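Asker: Sequence, then the experimental structure. Questions to follow.
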Amino acid sequence: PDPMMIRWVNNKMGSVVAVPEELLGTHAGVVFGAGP
Amino acid sequence: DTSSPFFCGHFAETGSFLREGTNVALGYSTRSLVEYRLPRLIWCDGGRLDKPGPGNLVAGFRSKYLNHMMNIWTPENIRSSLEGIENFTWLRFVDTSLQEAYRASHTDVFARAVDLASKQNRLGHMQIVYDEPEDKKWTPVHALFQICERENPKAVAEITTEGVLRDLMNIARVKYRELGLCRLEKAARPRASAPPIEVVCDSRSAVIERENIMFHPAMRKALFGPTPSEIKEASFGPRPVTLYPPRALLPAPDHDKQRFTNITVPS
Amino acid sequence: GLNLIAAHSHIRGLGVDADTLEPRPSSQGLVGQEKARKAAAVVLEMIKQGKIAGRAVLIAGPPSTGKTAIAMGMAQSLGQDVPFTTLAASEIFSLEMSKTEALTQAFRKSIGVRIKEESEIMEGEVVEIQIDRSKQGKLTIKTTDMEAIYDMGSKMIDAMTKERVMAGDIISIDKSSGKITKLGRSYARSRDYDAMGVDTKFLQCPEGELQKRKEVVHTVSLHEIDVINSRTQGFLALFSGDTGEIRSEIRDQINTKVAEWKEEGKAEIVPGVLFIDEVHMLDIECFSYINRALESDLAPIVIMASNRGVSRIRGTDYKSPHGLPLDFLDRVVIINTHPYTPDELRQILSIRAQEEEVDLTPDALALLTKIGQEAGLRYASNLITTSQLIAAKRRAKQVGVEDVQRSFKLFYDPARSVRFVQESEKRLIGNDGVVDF
Amino acid sequence: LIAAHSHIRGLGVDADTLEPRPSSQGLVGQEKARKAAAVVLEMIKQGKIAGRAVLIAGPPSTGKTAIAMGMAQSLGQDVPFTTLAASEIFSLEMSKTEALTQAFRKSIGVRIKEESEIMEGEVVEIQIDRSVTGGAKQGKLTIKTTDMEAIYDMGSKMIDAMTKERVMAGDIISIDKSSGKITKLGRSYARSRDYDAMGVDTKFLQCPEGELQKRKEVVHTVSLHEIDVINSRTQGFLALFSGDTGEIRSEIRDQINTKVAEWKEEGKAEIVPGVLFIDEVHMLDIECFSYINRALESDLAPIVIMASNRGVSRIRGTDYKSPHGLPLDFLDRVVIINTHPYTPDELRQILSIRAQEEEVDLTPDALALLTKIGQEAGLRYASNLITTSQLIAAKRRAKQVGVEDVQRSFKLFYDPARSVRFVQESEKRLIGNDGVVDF
Amino acid sequence: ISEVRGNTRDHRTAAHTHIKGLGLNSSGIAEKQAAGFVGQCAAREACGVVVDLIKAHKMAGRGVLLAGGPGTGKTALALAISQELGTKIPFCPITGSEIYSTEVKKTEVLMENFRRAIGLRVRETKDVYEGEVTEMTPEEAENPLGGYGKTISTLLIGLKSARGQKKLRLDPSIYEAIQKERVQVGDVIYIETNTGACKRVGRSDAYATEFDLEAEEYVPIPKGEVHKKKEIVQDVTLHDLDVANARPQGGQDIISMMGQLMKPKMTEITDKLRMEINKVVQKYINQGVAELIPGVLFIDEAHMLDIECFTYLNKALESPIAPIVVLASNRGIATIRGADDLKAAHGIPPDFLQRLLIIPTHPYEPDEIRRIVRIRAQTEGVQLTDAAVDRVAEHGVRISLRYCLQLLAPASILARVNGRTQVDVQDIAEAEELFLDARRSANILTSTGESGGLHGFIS
Amino acid sequence: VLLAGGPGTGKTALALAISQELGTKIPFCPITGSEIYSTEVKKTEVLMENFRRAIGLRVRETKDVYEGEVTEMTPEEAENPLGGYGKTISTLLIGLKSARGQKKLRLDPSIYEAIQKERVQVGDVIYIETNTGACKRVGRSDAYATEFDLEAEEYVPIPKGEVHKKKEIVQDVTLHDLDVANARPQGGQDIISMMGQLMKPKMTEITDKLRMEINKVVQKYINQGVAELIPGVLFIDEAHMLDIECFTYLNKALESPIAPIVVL
Ligand SMILES: Nc1ncnc2c1ncn2[C@@H]1O[C@H](COP(=O)(O)OP(=O)(O)O)[C@@H](O)[C@H]1O
Ligand SMILES: Nc1ncnc2c1ncn2[C@@H]1O[C@H](COP(=O)(O)OP(=O)(O)O)[C@@H](O)[C@H]1O
Ligand SMILES: Nc1ncnc2c1ncn2[C@@H]1O[C@H](COP(=O)(O)OP(=O)(O)O)[C@@H](O)[C@H]1O
Ligand SMILES: Nc1ncnc2c1ncn2[C@@H]1O[C@H](COP(=O)(O)OP(=O)(O)O)[C@@H](O)[C@H]1O
C-alpha cells in the first residue's frame, strides 16, 4: 500500500511487477495499461 | 573521545541549558573573525562598476549595448552571417541552434553544466544501431561535424557480452577500490577551518547581495536536488513533467566513512 | 566606417593577364615588378588548380620593395572561395599552446571543406497561441504577406513553455532539427509596453513565404572541425581562444572522416594558401616541424616572406642566408625582388596620391620623386598626407613645392636620423653613460 | 615478450655464503659487483638500516641495469621497487624538489590488514521497490544455502550493484559486506523459456554449504604517496593515478608520518622499506643533490641504488667538473661499486644466454664470428645481430643460422664504430655546425 | 539534405606520392626501379629486414637509426615501411620538435607517443534486439499480489526492423527504461543482453508527417537485422586506455560535467597506472582474447631531442612492452641540444647510440636522378620530352635533388599557358629564372647585397 | 644564527640536538635551500609560509555539539514564486533523542543541506556541530539493531547525557594553519566553502593584509586569556642554495615584530 513505490519481485517461477492503486490514474500507468 | 579540527570563526554561544527547553531553532551564525569594512558608497551606491544605480550611470548602457545589442552571439547577429564563407557558417552542422548558442554564451560554467545534465546522448547509440556495411555510416546532417561524438569505442564497449573492454576503460576505479583506500581511516586533516571573508557593509542591499551570491539558491537547488513537494507534483500528475535538478548533481564522495566533513569519530 | 586608407589599399588584385600570363605594368594598382609578378601569377595558377600539394615559396629581397604588396595582390585575386591566412611569425610564440601545435593550426586553417545543402527554415511572427487543455495545439503565424495555422502534437508545446513565447515574438523553426529560436519582438508591439526589459530586441516582420528553402554553400576549414570536436561545448573556443594542445588522435579521426566524405561525394576539399610573414623570426625548433608538415596530402601551398641577408638563426648561433637553415632552403623556391627605378617611383606616388584623393602639382611630384629616390618609399609615401594637411592649414587646394619642403623640414627620414644620433652621442643613452649637460 | 632483460631470473648468489657463482641465473660473467649487490640486497631484506646510497659506477654496456633488475627479480612482488629515471623529475606541474619527495615516499610500503565479511549462497528472490522520477529505493533479498534461509535488507548502493550485475533468481553470488562488490559464480537451475533478453547460460555450480556470514582477513599494501594523496584532498581522489597532484604541504606529511608511526606501534600496519633505483643519476642538477643528501636523514627514507656512466663530467646547473658528474659533498655520502668491462670467454656465454632466450639456434663457427664481432662492438650490437641473423636465416629458409647470415647482418647494419668513420668520411653532405652542399 | 556533387574523385600530389612500398624479391634482395624507388639497395634490404622484424612479433624494444644527408630518402623509407606494414599495424610519425609542450614535462609526450604506437585488437560479440517499436502491450499475471492494483508478469514489445518484424516477451523491469527514456509507438530502440535496458535513438521517419511542427531528429528505420549476433574486431591503442583510465569521459555530477566542459588538459600519468594496465593486458593476452600488436614510432629529426629525452628513452625502451623506434638523423658531428659540452655523432649521445641498428643512406648517382625525374613526372601526369629530362637531370646533379623535382610544376603551368600539352626545353629554361635555387639566391644576397644601406638587406 | 664549518663536521647533528632539546610542544620547521623553488607561487611566499609554520599557538575551544538520535525528520518548504529554480526547503523539525531528555529543534536551509549531504535517515545518530554547521552521521542506533543486515553499518548505542552538550578542548595551531584556513575556506555550509573543497588544492599567495589581520585576531585571542603564543625555529639547511632574491627578502621577514629565530 505504498504511495509511489512500484514493486518488482523475481522468484523461481517467474517475475512480476506490482503497481499501487493510487498511481493508475497518473502518468505512471501509461506503460502498465491504465493511463489518465 | 570525539574530536574535530580547530575553528577560526565567530559563532554564537548558547547562554544556558535551563532556558531553551524543548522547541528551539538553530541559527547559522558562522561568521569570520577576519572582517573587511567597506562603506556604503563603494559596496552599494556607486563604487561597483556593475550595480546600475544612480551615479553609476554607465552600468545600464554598458550592460545592454555589450550583452544584447552589439553582441555577436545574439540570434539576429548570427542570422545575417550564416550563408557561406562567413563566420557562423559551421553553426548549421554542429548539433545546436541559435537559442542553444545564445544560452551557452551567456551563462556560467555552472549553469551550462546543469543544462548539460539534462541532455540524453544519442550519437553514441547511432554506432550501436546503425552499424551495417550497407548503411554507409549514417549521421544526421544537423549533427555532422560532431565526429568524435559519433565514433567512440566506449559506446560499443558498454554493449558487448564479455566485459573485456569494460574491465579496461575504468580499471582505475577497480584498483582504487581493491587497495582499500576507502575503508582506510583518514590519517591527516587540516588543523584549522574558517568561513569565507564577508563584507561588513551596513546597508540592507549588502545583506541581500551576500545572501544572493554567497548562498545563491539556484545553485543549491541545482546541486542538492528537488523538493519532495516537487517530486509529489511531478509524480502524481496526469502527464510526465521535467525537473530542473533532474537528479541530485552532488558528486559521489570517494571516501565512504568520512564524506565532505573533517569531523572524527573514535573507533 | 571601420575601413580607412591603409598602406595596402590601392592593390586590387595581382594585375596580370589571365590568358598568357603577361604582367602589364600599370594594372590593378601594382606597378612595374614584372618578373616577380609573373612568378606569383604562375604560383597563383597552380594554387587554383589545387592538385599539387605542399610547396613552399620564399619571397626574398630588400625592404621597401613590395614583398607584402604581392602577397596582398595574391590574396585579393583569389576571391572568397579559396582561403588565405595572414600569419606573422611572432603570433606563434604563445604561452598557452606550444610552438608546434600553434604552427599546426596555421596549416589546419588554410584547407576548406565545401558542402552544399538545403536549409528548410520557417520564419514567422506569432499571433495567437492556442493550447487545447484536453495533447494538441494550434500555432498561428504570419508574415507581411501570408498567415497560416499549423498543428502541434505533444512536445513542442513544452518547447514553447520552456522558451516562454508570447504573442508578438518572431520565432524561427529549423524543421530538419526542430528547435525554437526566438529572434525577438516586432516593431508593431513596441507601442504596447512602456518599460521594456533587457533581453528584448525589436525586428521587422518576416517577408515572403513561411517555408523558406534555399541551397546554401557552406565553406568551413579543417581547423573548425578540429576545434569543434575538441570538447563538448567547444564551438565558442575558436572565437574565445580557450583551447590548447589538441590530441593527435582527434585530428587523425577528422582527417579520416574528411577523406571518407570526399569518397562519398558529400564534401569537396579546397586547398588554400598559408602566408607566413617574416619567416626569419621562426627558430630552428619551428623549421624542423615545417620540414615534415609539408609532406602530407593535407598541406597548403605555403608562401613566405623575408628581409634579412646572411644573418643568424634564432635558437642557434650560426649564420645562414635569409635567416633560414639550409636543409629548409633546399626545399623552397625563391622569387627575388628588385629596387625601383624613378620612373616607377613617380607613378607609385601618383597611385598613392589618387588613393588618398590628394591632388599634386607636377613640380611637387618631381620633388617627391627625388625625395623617394634619396630616402625610400615609406618616407615618400608618408609625405603626401603631411603635405595635404599643411596645405589644408593654409587653405590651399593643390599642394606645392612649399608644402613638400615644409613636410621634409619638419619630419626626418631615417637616413638623417642616423646622422642625428651619431652627431650627438653624449646625451642619447648609448650603452653606459649620459652627460645631461 | 622478450625484452633486453627477460633472461634474468634474479641476482644469482648463495643464500648461506652469498659467494658469486660464475654462471647462475642469467647474470653470468662478473663476481665483484654481484657480491656487493648481494650484500646490499641482504641489508635491504633486513629492513633495519635506513638512508644509504649505492652508486653502481662503470663503463656502459657492462650490466649495471642488469644488476638492478637482478635485485628487482630477487625481492619479488612484496617490497616496492621504484624504477625511477633521472629525467622524470623535471616536471612543469609541480616543483623539482617535490617530485623527488614523492619519489622517496613511493618506496616505503605500508602493509595493513583488515577484516572483510563475505557471503556465499543461492539467491532465492530479489525484491526491489523503486520510486517514480527520482527517489530512494528499497530492497529485500532472500538467500539460501543448504542450511540457512535468510531475508536480508538492502540500501541504495546494493541495489545499484544488483541492477548493474543483473542478479536473477537462482544465482550463486558472493557479496563482500564491507567493500560491496558482487561476483556471480554461476547458476544452479537452467535458463528459463519465458523471456528473451536473459543472457548467457553460465557455469553449473551446486548449492554451497557451510554458513552465510564468513569472515576474511585481507592484506593491503599502499605506498606512502598514496596515503599522502588520499589524505591531502577532500574530494579530489584518483589524482594518484592521473598525476594531477599539484603540491602536498608539509603539514600533511608531518601528520601522516606520526600517524604511520602510531599504526606501527598499534599493530595495525607494518612498514616495509623499499628500494629507490635511479637510472643514470648524472642528469640531475645540483638543486636535486642538495635535497637528496638531506632526505636520507630520517627513519622513512628508502635505500637508494643508482647508476652512472660518466667520467670527469660537469655538473648541470653549475660551471665546474667532478667525477661521475656528482658533487663532492654528495660523493662522501654514497658508496661506489665499480663494474668492469668483459672478457671474450664471458661474452661467448652471455651471447649464448641471449641466443637461447630468443629461441635462436647456432653453429659454433657463427658463434665464434659473433664473439669476434662482440669483442669490437659490444653486446648491444651483437644481440641485434643475433635477432637479425635469425630473421635472415628465416628468409632464405635455413634451419640454423650460419657464418653467411652473420656476415649479411654485419654488412647491412653498421655498428657505431663504423658509423663514426662514415660521419668522418663524408663531412660535406652532413649538416655539422655549419652549412652543407648538394653534390 | 546535403547535395552531392558529381565531379572527378582524384587525389593530390605530395612529395612521397610515388612511393608504394619497398619493392623487394621473395628472398630479400632489393631490385632497382621498383615500386617508386630508384636504386638505394642496401637501405631497402635493411628496411625489409626491419619490416620482417615488425611483422614477426620478435621486436620488443629495438631501435633503428637512419643516417645520411638531407634529401637522400630517410622519410621515403619511413613511408615505404608504413605502406608495407599496412594499416592494421600502428604508425605514429612524430618529430623531434613535437615533444616540447607547455602543459606537461617533455619526457611524458614521448611515453604518450609510445602508447600511441602500440595497438591492441579485441574480438568480441554483440547481441542486441533492434528496431522500431510497434506495440507495448502488457500481460496480467496469474497470481496478483494482494494489496496492489495491476500485477504484470510479461511485457510484450513488437520490434520491426527494415527486413522483418518480431514479437518479444520481456521481463517486466523494462518499465523503468520506458518511463525514463519516454519510449512510445514509433521510436527506434535497442535492447542489450547483459542488462536489458532499452535506450531510444529517435522517432522513426514513417511518422514524420502525423504532426506538422513538432519536430526532432527523424532517424530512419534500421536497415539491417532485428536480432544482431554480430562479432566485432576492435582496435584500441594503449594511449586511449591511459586517457580513459586517467580522465574518465562520461560522468554524472557537476565537476565532471565541468571537466569535459572546460578544455581538456594533458596531464602527466603516474607509473603505477601504466604498470597496472600492462599487468592486465598481459593477463587478457594469456586468456586468449586480446592480441598485442607493436608498431613504429618514427621519430623524425632525432637531433632535436635533447639529452634529457634519450635518458628517458633508455628507460622506456627497457620496458617489456614497447614498439620499435625508427629515428632519423641527418647531422654529422653535432652539439647535443641539452648539454652543450660533447660533440657527438648524429646528435645522438654515445651511450644511446649503441642501442641503434644504424642504417646508412648514400647520395644518388648522376644517372639515377633522371630516373627519379621520370617517375615523378609520370606520377603527376606531367609529360615531357627527353632533352627536357636531360636538362632537369643537369639541374639535379649540379644544384640539388629537391630542386629538380620542383621545376616540373611551373614548367607544366607555363606549358599549358603557352599553348602546348607537353613540356619542352623552352618552358624549363623560362621557369628556371622565375624560381631561383638557394645557390643563386645566396649569390644575389652576397654580391648585390653588399652591406646594410638604403637599397640593401638587413644583416 | 649561522652554522659554518666544512662538510662532515656535524652541522645538522647540532640541529637535531636543538630540536630534541627544545621539546615536542615548541615548533621546529626544518627545510632546505632547494625546497622553496616552487611552480605555483613565488619563492618569497614559500619563505613566509615557513616563517609562519615556525610560530605556534595553543588555543582553548568550546564546541557545542547536539548529540542525538533522529526521531522525526520532516521538511517544511516556504513560498516559491516563478523564479526558475522552483521550490526550496526552508525549515525543518528534526527531533533529537538522547538518553535523558529529548529535544525537537528547527533548522535553517544550510544546516539542512549539511544533513542532506550526509544521508541522514530516521534512526541515524548524529551530532550537529554548531560552530560550522557540520554534522557527521555515526550509525544506526541499537534500537533498530538486526543481525540480518547487509549495509555493514556501525551500530552504536544512544549517546548518554544531555542532548545539548558543551565541551572544551585544547588545540595546537600554527599561524600558517590560520592563513590557509582564511585563504581557502573549507568551513561552513555556503557555496564558496563547499565548491572550494571539490576543486584541486593549490598553494596561493597569502598577502600582507591577511597576515596582519590574522595577527590582530590572535592578539584578540591572547587578550581574552585563552590562547598562548609559542614561537619557534626555522632551520634552513644548505642556505647557500638560496639566491640573492631570498636574502633580500629575509631582511624584511626578520624586521617583523613577530618572527621566529632562523638557524642557517
Ligand atoms: N609594384 C608596386 N606598385 C605599387 N605599389 C607598390 C609596389 N610595390 C610596393 N608597393 C608599395 O610599397 C609599400 C612597401 O611594400 P612592402 O611589401 O610593404 O615592403 P616590404 O617588403 O619591405 O615589407 C607597400 O605599401 C606597397 O603599397
Ligand atoms: N653480466 C651480465 N649478465 C647478463 N646479461 C648482461 C650482463 N651484462 C650485460 N648484459 C646484457 O647487456 C645489455 C646491456 O646491459 P645494461 O645494464 O643495459 O648496460 P648499461 O649498464 O650500459 O645500461 C643488457 O640488455 C643485458 O641483458
Ligand atoms: N630512392 C628514391 N626514389 C625516388 N625518389 C626519392 C628517393 N629518395 C628520395 N627521393 C625523393 O627525394 C625527395 C627528398 O628526400 P627526403 O625524403 O626529403 O630526404 P630526407 O629523408 O633526408 O628528408 C623526396 O621528395 C623523395 O621523393
Ligand atoms: N660530534 C659528533 N658526534 C657524533 N657524530 C657526529 C658528530 N659530528 C658529526 N657526526 C656524524 O657525522 C655524520 C654527518 O654529519 P652531518 O651533520 O650530516 O654533516 P654536515 O655538517 O656536512 O651536514 C652524522 O651521521 C653524524 O653521526
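Answerer: Nice, thanks for sending it over. Numbers count the residues shown, from 1 in each chain, chains lettered A, B, ... in the order given. Ligands and ions are numbered 1, 2, ... in the order given.

Asker: quick one, helices of the stretch 51-200 of chain B?
Answerer: B:58-67, B:75-79, B:98-104, B:110-116, B:123-129, B:153-157, B:171-178 (DSSP state H, counting those that start in this stretch).

Asker: which stretch among the ones you listed comes nearest residue B:232?
Answerer: helix B:110-116 (22.4 Å; C-beta to C-beta). Where C-beta positions appear, they are placed from N, C-alpha and C, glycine not excepted.

Asker: Of all the residues in the closest one, which ones are buried?
Answerer: B:110, B:112, B:113, B:114, B:115, B:116 (16 or more other C-beta atoms under 10 Å in any protein chain shown).

Asker: The second one reaches residue C:233, doesn't it?
Answerer: Yes - look at residue B:112 against residue C:233 with C-beta atoms under 8 Å: they come within range, at 6.6 Å.

Asker: Mind listing the shared neighbours of the two?
Answerer: Residues touching both residue B:112 and residue C:233 (C-beta atoms under 8 Å, 6 or more residues apart in numbering or on different chains) are B:104, E:261.

Asker: Chain A: strands as residue ranges?
Answerer: Ranges of strands in chain A, per DSSP state E, are A:6-10, A:15-18.

Asker: which residues touch the longest one?
Answerer: It refers to strand A:6-10. Contacts for strand A:6-10 (C-beta under 8 Å, 6+ apart): A:15-20, A:23, A:28, D:125-132, D:168-169, E:145, E:148, E:171-173, E:175.

Asker: Now, of those, which are buried?
Answerer: Judged by 16+ other C-beta under 10 Å, buried ones among the contacts of strand A:6-10: A:15-20, A:23, A:28, D:125-132, D:168-169, E:148, E:171-173, E:175.

Asker: Now do the contacts for the closest residue to ligand 3 within chain A.
Answerer: Residue nearest to ligand 3 within chain A: residue A:31 (66.0 Å; C-beta to the nearest ligand atom). By C-beta under 8 Å, 6+ apart, the contact list for residue A:31 reads E:136, E:138, E:175, E:178, E:179.

Asker: For those, give me TSV that also has secondary structure.
Answerer: Shown next, in TSV, are these (DSSP: H, G, I helix; E, B strand; the rest coil):
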residue	secondary structure
E:136	strand
E:138	coil
E:175	helix
E:178	helix
E:179	helix
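
Asker: Those residues: which two are farthest apart?
Answerer: E:138 and E:179 (13.1 Å).

Asker: Phi and psi next, for residue E:310.
Answerer: phi -70, psi -30 (degrees, to the nearest 10).

Asker: how about the nearest residue to the closest residue to chain E within chain B, chain neighbours excluded?
Answerer: Residue nearest to chain E within chain B (C-beta to the nearest C-beta): residue B:251, separated by 3.6 Å. Once flanking residues are discounted, residue B:251 sits nearest to residue E:253: 3.6 Å by C-beta to C-beta, 6 or more residues apart in numbering or on different chains.

Asker: ok, which residues in chain B are in contact with ligand 3?
Answerer: On the criterion C-beta under 6 Å from any ligand atom, ligand 3 has no neighbours in chain B.

Asker: Any idea which residue is closest to the centre of chain B?
Answerer: residue B:110 (3.9 Å; C-alpha atoms, centre = their mean).

Asker: my guess is that residue contacts residue E:254, does it?
Answerer: Yes - checked against C-beta under 8 Å, the pair residue B:110 and residue E:254 is within contact range at 7.1 Å.

Asker: Find residues that contact each of the two.
Answerer: residue B:222.

Asker: What is the burial count for the residue in the stretch 1-150 of chain B that ligand 2 sits nearest to?
Answerer: Nearest residue of the stretch 1-150 of chain B to ligand 2: residue B:148, at 41.0 Å (C-beta to the nearest ligand atom). Each residue near residue B:148 was counted by other C-beta atoms under 10 Å in any protein chain shown, and the total is 21.

Asker: Then residue B:67?
Answerer: Neighbours around residue B:67, by other C-beta under 10 Å: 14.

Asker: Could you measure from it over to chain C?
Answerer: 8 Å (C-beta to the nearest C-beta, to the nearest Å).

Asker: Run through the bridge partners of the residue of chain A at minimum distance from ligand 2.
Answerer: Distances between chain A and ligand 2 by C-beta to the nearest ligand atom are smallest at residue A:10, namely 59.1 Å. Beta bridges link residue A:10 to residue A:15, residue D:126 when assigned by DSSP bridges.

Asker: That one: neighbouring residues, count only.
Answerer: 22.

Asker: Looking at the stretch 201-350 of chain C, which residue is nearest ligand 3?
Answerer: For the stretch 201-350 of chain C, C-beta to the nearest ligand atom, closest residue to ligand 3: residue C:291, 7.1 Å.

Asker: Could you tell me how far that residue is located from residue E:363?
Answerer: Distance, residue C:291 to residue E:363, using C-beta to C-beta, to the nearest Å: 19 Å.

Asker: next one: residue C:371
Answerer: In this view, residue C:371 and residue E:363 are 54 Å apart by C-beta to C-beta.

Asker: now do residue C:176
Answerer: Residue C:176 is 60 Å from residue E:363, by C-beta to C-beta.

Asker: on that earlier part again, for the residue of the stretch 201-350 of chain C closest to ligand 3, give me its contacts.
Answerer: C:327, C:328, C:331, E:301.

Asker: Report the outermost residue of chain A with respect to its centre.
Answerer: In chain A, residue A:12 marks the outermost C-alpha relative to the chain mean, sitting 20.3 Å out by C-alpha atoms, centre = their mean.

Asker: Show the contacting residues for that one.
Answerer: D:124, D:125, D:169, D:170, D:189.

Asker: How is the first one assigned, secondary-structure-wise?
Answerer: In terms of secondary structure, residue D:124 is strand; the call rests on three-state DSSP.

Asker: Is it correct that residue E:129 is in contact with residue E:227?
Answerer: Yes - contact criterion C-beta under 8 Å: residue E:129 and residue E:227 qualify, at 6.3 Å.

Asker: more neighbours, the two?
Answerer: The residue with more neighbours, out of residue E:129 and residue E:227, is residue E:129; 23 against 16, by other C-beta under 10 Å.

Asker: tell me which residues form a beta bridge with that one?
Answerer: residue E:191, residue E:227.

Asker: Residue B:128 versus that one, what's the distance?
Answerer: From residue E:129 to residue B:128 the distance is 11 Å (C-beta to C-beta).

Asker: cool, and residue E:320?
Answerer: In terms of C-beta to C-beta, residue E:320 sits 36 Å off from residue B:128.

Asker: Residue C:230 reaches residue C:237, doesn't it?
Answerer: Yes - contact criterion C-beta under 8 Å: residue C:230 and residue C:237 qualify, at 6.5 Å.

Asker: Determine the residues that are contacts of both of the two.
Answerer: C:243, E:263.

Asker: Go ahead and confirm residue E:32 touches residue E:45.
Answerer: No - using C-beta under 8 Å, residue E:32 makes no contact with residue E:45, being 11.9 Å away.

Asker: With neighbour numbers in mind, choose between these two.
Answerer: A count of neighbours by other C-beta under 10 Å puts residue E:45 above the other of residue E:32 and residue E:45, at 21 against 13.

Asker: Check the gap between that one and residue D:413 for me.
Answerer: For residue E:45, the distance to residue D:413 - C-beta to C-beta - is 10 Å.

Asker: can you check residue A:28 too?
Answerer: Taking C-beta to C-beta, one finds residue A:28 at 75 Å from residue D:413.

Asker: check contacts around the residue nearest to residue B:251.
Answerer: B:249, B:250, B:251, B:252.
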